[PDB]
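Shown next as structure tokens: one chain only, the form deposited in one PDB entry.
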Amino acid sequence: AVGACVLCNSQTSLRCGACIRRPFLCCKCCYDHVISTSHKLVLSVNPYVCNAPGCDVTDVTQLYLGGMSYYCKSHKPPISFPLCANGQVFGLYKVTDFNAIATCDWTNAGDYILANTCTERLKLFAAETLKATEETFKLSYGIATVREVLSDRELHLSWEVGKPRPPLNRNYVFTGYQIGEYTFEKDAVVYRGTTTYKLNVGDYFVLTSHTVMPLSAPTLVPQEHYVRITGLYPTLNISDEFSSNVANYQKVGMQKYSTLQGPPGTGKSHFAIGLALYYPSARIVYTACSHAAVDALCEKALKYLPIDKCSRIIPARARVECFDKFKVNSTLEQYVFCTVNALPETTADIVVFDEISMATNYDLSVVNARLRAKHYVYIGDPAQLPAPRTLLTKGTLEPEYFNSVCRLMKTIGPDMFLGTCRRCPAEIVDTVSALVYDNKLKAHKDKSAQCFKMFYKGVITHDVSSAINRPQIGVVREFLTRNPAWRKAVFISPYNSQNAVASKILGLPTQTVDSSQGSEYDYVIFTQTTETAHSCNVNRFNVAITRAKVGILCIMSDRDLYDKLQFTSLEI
């Protein structure tokens, strides 16, 4: 009950009992909170409540110290001091932004802006509070009791009346009952059980709510610049494949942390693995939020690094399949590949944090808390997709508010920019270069003459709120008959429900833009589906079209994004 004040450090006994995290506030700061917010409960060893029997006055502004004990105006003895005077609340050892963070519901963009423009200790407060609020929100949805099982990938669900029915995408992971995590896709619903088990009739699912631990470490450790490469030993024989990245690899060694902005297909994983071959003694921990991000860094490591010094760390609560070709759960290997959530407490010469646009400030903190490293390298692209903010429903979260790393990349610029896309036909590179990279992204590849756009608004139907455009799928079906090379194309849309319909009618493999991020396919068919803020998001659009190595067909709903596409237009 005796801690440091989460604004100005000053020691105190005073926590806010009305904040859901119960931060230590100093007397000067605890006042400025309780006199400007609905927050009136102050905690110490014993709470600031009237000590008089059967009295329910808990508001610190209405209370006094009568000797050793606390009382209201109705109960205080004659010789009694008010708890709230001279800009202080009586405690031992005797903020606008803090107030907004403490009282916001996290449904407004402006909440996330503030949680990223504030001081560093407030960003940790912001991050615990948000994650806490995100988790206490999960409780608010209804249970799904199984009515009838049909097959091994279809069942019928009965939903708890009174409480809302949560969105049934790959984003919302359920816990069955204890029969391992489960997911759902659209009364013909598809059940994807992480642990295989013949789905019991009467068994029920609930959204996994995990206790939010406190944050000690900053999002970003303070920035150190060195005159010499510190604690790392470069090779002089450095394989020509990685010669582009030498001057950036020497930057990495002459700073505490470095930011790398790599637009799609610019050699981010090449750089991350190229760092181990340049500092070949250095112990490196490769981390990202998702199993797919970590498994891609593993694929690159298998090609260029010795397999006996590589370990893939897997949490005992195995939620998906992931990389098998390394030794599993050897914490002590030179090369450690691990999702942020499963990190051990370790030291490292270098930590590489990949897919940084998907990182929350919570994630940035946990990494500084689990990994103690000479150098931190932050790899991703603020022009790509952020982690979904399930509470945010009002306003759009701009890239500079994604996390502290993206804020740095969008303000002072990144330390290192991979400026040549080697994946995408020039038509795609030229479009996204103008759209999100201020014309600084260059095409290696020639124009493919296999990049098509069609403006076709079609008809928008909705499965709950997820959008479908059958006519846009119909246009694709027509195109495929005349373009058999596209038979092998991945179908991409901003909506699962669209993808579900496109699966049945086209037979193509299916990916949402968000789940496509980090992957590449020869041919891509993209139906925008709707003209919403979701489907017009320039970051989502950027990712959607940069998945393609050879060709893309974009059926567009939005005039602006249609006109910007530097593609041959089709008719019909």
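For every residue, the number given is its place in the sequence shown, counted from 1.
This next part talks about the form deposited with a small molecule bound, which is not shown.
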Problem set entry | 276, 102, 252, 124 - the one with a heavy atom within 4.5 Å of the small molecule in the deposited complex | 124
Exercise. Looking at 501, 215, 284, 298, which has any heavy atom no more than 4.5 Å from the small molecule in the deposited complex?
Worked result: 215
Problem set entry | Among 124-132, 192-200, 150-158, 109-117, the region lying within 4.5 Å of the small molecule in the deposited complex by heavy atom distance | 124-132
